[PDB]
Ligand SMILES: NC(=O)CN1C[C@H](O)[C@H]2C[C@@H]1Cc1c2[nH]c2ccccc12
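Only one chain is included here, represented as structure tokens and corresponding to the form solved without the ligand.
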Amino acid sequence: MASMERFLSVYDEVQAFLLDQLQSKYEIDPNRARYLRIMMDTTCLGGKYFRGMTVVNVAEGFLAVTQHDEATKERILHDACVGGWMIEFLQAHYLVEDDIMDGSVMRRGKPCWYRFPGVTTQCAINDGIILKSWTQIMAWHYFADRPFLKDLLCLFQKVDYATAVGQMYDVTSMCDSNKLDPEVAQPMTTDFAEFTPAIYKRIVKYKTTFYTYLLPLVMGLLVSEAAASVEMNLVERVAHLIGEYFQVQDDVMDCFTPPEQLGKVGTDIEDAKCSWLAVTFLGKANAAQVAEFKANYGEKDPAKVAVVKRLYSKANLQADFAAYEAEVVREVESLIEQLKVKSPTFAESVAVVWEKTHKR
């Protein structure tokens, strides 16, 4: 079976399980089951599934070099798919709640979930809650007897928590730290002294890289019982490196990729986000360029946004991006080499992850 066909079929299985359980144990009625089915589909489907399919791809790499009965190969692939869906549902949770938090308009060429007419924020917050609850239901049901259940749940929790910490770092990135205070409405920074590479790296590390790269990789290992074919410190280093890059790309596309192509109108400039573009601009700007950035950043006025975009283009950030990209390629190749020492197989999956990221 091709991997994607298998992955999508398990989605239907998992869906039917969750909805059937709601009828047999939770007293749901058909109409609310239908609401949840449509919520699930709308929030979990339609992306490229690279998080969830990474779990599958890691597990397939190990299958090709490990002796197993056919039943065991099927069981391992089924587990990789369920694990993959846990990650996809965890992302769906994030995206639902983030969209509400940020007052987002579109996601993937469609309205954000909370903006559907029959949803509203009042339901959507709870819908996002359920999305994450379903990850746990999956794990407890499908992995009940599995030796990796404990490690998998613990890993999941830590990644989840890192992710929520990262959302806090992200939504607070345009405040001055010493001014954070729940009793006082938070002004945007005037100095941008916290728009640094180290601070940007901290935001992106927690908000994206743990769930997008570390979790799929380590889940692949756990469902394969292969965590001893790797030096976990290298797996973390390479996840954080590739994850940072992925985010830098995301940050550039927010500003420069056409809305029709991005699936949304990017608003990082208006939201005063600590983006790669802002940090890199401030790292090379002269005093006049910095003053014009401060007078125009974080404003809804389209004229000021166009002025920030012009400031980025004139500063030739595409060159800083190339240099960044070169250094990442260098370091990713290095870590892949270090990973070959203990597992060629896992190194190869990491190469594939890098290819999918670098060439998207």
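All residue numbers refer to positions in the sequence shown, first residue = 1.
The form deposited with the ligand bound is left out here; the points below concern that form.
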Notebook entry, point to check: Does the 4.5 Å heavy atom contact test between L149 and the ligand in the deposited bound form come out positive?
Noted result: no
Is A139 one of the residues lying within 4.5 Å of the ligand in the deposited bound form, judged by heavy atom distances?
no
Self-check item: the ligand contact in the deposited bound form: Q289, any heavy atom under 4.5 Å
Solution: no
Across 260-278, the residues having a non-hydrogen atom within 4.5 Å of the ligand in the deposited bound form turn out to be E270, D271, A272
